[PDB]
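> Sending over a structure as structure tokens; questions will come in a sec.
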Amino acid sequence: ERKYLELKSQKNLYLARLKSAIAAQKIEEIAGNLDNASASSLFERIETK
Amino acid sequence: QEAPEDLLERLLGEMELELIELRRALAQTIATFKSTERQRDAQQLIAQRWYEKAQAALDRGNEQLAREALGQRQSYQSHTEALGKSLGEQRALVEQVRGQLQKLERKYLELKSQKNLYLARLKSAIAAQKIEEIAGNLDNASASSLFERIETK
Amino acid sequence: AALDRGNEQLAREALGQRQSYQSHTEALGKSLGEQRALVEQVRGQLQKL
Amino acid sequence: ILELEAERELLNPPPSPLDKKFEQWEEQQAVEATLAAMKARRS
Amino acid sequence: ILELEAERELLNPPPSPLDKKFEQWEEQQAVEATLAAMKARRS
């Protein structure tokens, strides 16, 4: 019983980290789509026109 | 594909979803350590009351009894040291990620800030092209200008 | 008031807190000056048009 | 209880320790400087 | 975790050690030079 509660205790902490990572990947992956990349960034299309 | 300008507003729309999704994930992280922190306080309090007994245990010459009580305390101490060290480590996790969100939110608003400024420029350009493209149709061109047709007749 | 009465140590952090806002001040301040050229030039266009 | 109180920390960040010493440091003068004028005022 | 954090390193290269010493070196003056004016300002 002492071990299980400790095992269940850590479960959420790494679930929280897991949700942080997906929130870290999906936030910046789209971020570079605008202008942060050298090429293919949609921002340069505006200047092209 | 859809109009790129429409995607700009729509794209930042999902950006907002992640920020709130990120925020909730943070809070859950913040929620747990206090639960662990409170749990530590209870155990050391359980250790303290054993010390309170240890104060009275060996008093009046019953040293033998106090030995077991401290032997009972070390078990709770082991939890105290293990959990105590873990809590200190968890502090680095929460502190570092909060700075991230602070960095991300500062960046996003600046990103959204510029969006309109270049949208305005974009609308200026189309207003610059469509205004003069038709302008030359009348007389400004050397040939094919409809103005010369009047003189021809 | 920070460094007044001999608490120079405290004032150092406060200025360290100010530089972060200054960085925004310089970056945004320079951008605003640039944006003035954009608006002024386009207004003359409309006047010409 | 721990779930919701955490959200208060998020939407409403608490005063930092740097500012915490302000309303104690400048207040230690907002009390001393204020009472200094009052102390001198009577005399 | 290690999979995704690596991609952040790619799309967003981190500050170089050469620039890292800048916001500490020029900041050591952005603090000293700034406080130098403040230090001289009071006196």
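Naming scheme: A, B, ... for chains in displayed order of the structure tokens; residues 1 onward per chain; ligands 1 onward as shown.
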Considering only C-alpha atoms, extract the chain C residues located within 8 Å of chain E and return them as number ranges by chain.
C: 12, 15-16, 19
> Would you list which chain E residues are within 9 Å of chain A using only C-alpha atoms, as a list in words?
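Therefore, the residues near the partner are residues 1, 4, 5, 7, 8, 11 and 12 of chain E.
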> Store the residues of this selection in a file with C-alpha atoms, as a compact mmCIF listing (two decimals), in the first residue's frame.

# COMPACT_ATOMS: atom_id res chain seq x y z
CA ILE E 1 9.72 14.55 -23.87
CA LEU E 4 9.82 17.12 -28.82
CA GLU E 5 12.24 19.29 -26.85
CA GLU E 7 12.63 19.99 -32.18
CA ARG E 8 12.53 23.23 -30.20
CA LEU E 11 13.23 25.47 -35.10
CA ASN E 12 14.46 27.85 -32.37
> Find the spatial neighbours of stretch 31-44 of chain C, counting only C-alpha atoms, within a cut-off of 9 Å - ignore same-chain residues fewer than 5 positions away - and output them as a ChimeraX atom specification.
/B:121,124 /C:26,49
> Please, what distance in Å, to one decimal, runs between atom CA of residue B:94 and atom CA of residue B:26?
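Separation between atom CA of residue B:94 and atom CA of residue B:26: 7.8 Å.
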> Skip residue B:98 itself and residues of its chain fewer than 6 positions away, then list as JSON, numbers by chain all residues within 10 Å of it, counting only C-alpha atoms.
{"B": [23, 26, 104], "D": [10]}
